[PDB]
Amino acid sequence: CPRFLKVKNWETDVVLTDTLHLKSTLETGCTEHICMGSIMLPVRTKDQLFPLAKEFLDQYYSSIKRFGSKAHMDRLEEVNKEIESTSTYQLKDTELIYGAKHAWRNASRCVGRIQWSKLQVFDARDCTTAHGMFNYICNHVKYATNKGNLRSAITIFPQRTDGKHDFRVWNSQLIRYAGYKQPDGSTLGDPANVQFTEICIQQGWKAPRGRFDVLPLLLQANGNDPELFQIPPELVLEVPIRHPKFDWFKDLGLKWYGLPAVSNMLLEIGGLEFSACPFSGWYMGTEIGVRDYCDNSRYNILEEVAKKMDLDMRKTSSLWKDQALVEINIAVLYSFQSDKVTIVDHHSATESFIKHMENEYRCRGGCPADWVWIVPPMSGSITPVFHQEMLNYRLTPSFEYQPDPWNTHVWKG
């Protein structure tokens, strides 16, 4: 724990000094003997709860310039009594909004954080049933989509109590396409969603069995068995994919949804755990064009595209894969822009992230960042983040991973 750590940008020689890392609480997974930097995935008693609450409230009252005020001390007193009496406590609306914005600010794997202070927070802590969850999520989807002019948002459902009454969205993302495993081993739709699609089918979903079927919401309230709901199609904004020069690209039959919305993570604020907290922003082009379309384990279209460009596919050293990859990503950006749906290219997004990061070092004393996730999955070193040294550490409030609900849920019947 040196008081100071420096990071260097090897393109510009800009050096920054991190002090924020001293406020780090959680573990990284690394030790002095091993680095787990590329590892994807490396109730609560009142004893451990009041320090977490106090730490959070101190940060909140500092940020509003009321540290040590009567208001601050009264709040600490109030939360303390509430914890020792009820074993938990409730956040004020202001503290909830602060908490969610800062969990985003602290998200070291997110390149989009220049936007963190612009987040619409929907307080759904009065929700009690799956039907109510469905209503709240429809409203979030409509607000966030904004007819293509996307707005960042998060909807926060009631916190965990004894761990037996959890709210969960079983979908990993609010909008996703179904995947179907055929008897011959082939896959229709999104191969990554085969298992979840099967769960949905088992729960009674009638699958149209096409290549781009929007999955139903599977929603769990208060620890009850989850229930199926179909998002109104008119709320699901989609973009057919075409290419500005290649007129055959449309006949690939590709489209994607406009709203990226993560729904399987846990929001921790002041020791409290919000197990259902779907959040959404707008896409960076490579997410679709590189990963969704071109991962071997996803739609995997590099082959067909390269064929239609008539590239030399007999030797990898022709770089036919790289050539097709670029065209596909051009087409995604082109399509979204043409239909006036918010999207950002990986050049713009990484450039903005560097400006954000430098701003954060100056005003906050640091910006935790995961290089392995921040660097885009194509053209890495012609973006500025590639050459930027980053320190990764964990601040709270935070977004955390949690087990998949189908592995832990106790079925009521």
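We number the residues from 1 along the sequence you see. The term rigid core refers to the most C-alpha atoms you can superpose between the two forms while keeping them within 1.5 Å.
Taking the root mean square of CA deviations in 5 other deposited structures of this protein after fitting on the rigid core, 83-91 and 156-164 differ, and the farther of the two is 156-164.
Across the superposed structures in 5 other deposited structures of this protein, aligned by the core, the stretch whose Cα atoms lie more distant on average is 303-311, chosen from 278-286 and 303-311. According to the PDB entry, the deposited sequence contains 4 to 9 residues between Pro42 and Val43 that lack coordinates. As recorded in the PDB entry, 87-95 is the stretch of 87-95 and 263-271 with the greater mean C-alpha temperature factor. If you average the C-alpha B-factors over 11-19 and over 393-401, the higher value belongs to 11-19.
You'll see in the entry that, of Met73, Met284, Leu215, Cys138, the Cα B factor peaks at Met73. By the numbers in the PDB entry, the CA B factor is greatest at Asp310 among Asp166, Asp126, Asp310, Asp190.
Among all modelled residues in this chain, the alpha-carbon of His102 has a temperature factor (C-alpha) in the lowest third. Remark: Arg314 belongs to the highest third of its chain, ranked by C-alpha B-factor as recorded. Ranked by C-alpha B-factor against the other modelled residues of its chain, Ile34 falls in the middle third. Ranked by C-alpha B-factor against the other modelled residues of its chain, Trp373 falls in the lowest third. The deposited CA B-factor of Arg211 belongs to the middle third of values across its chain.
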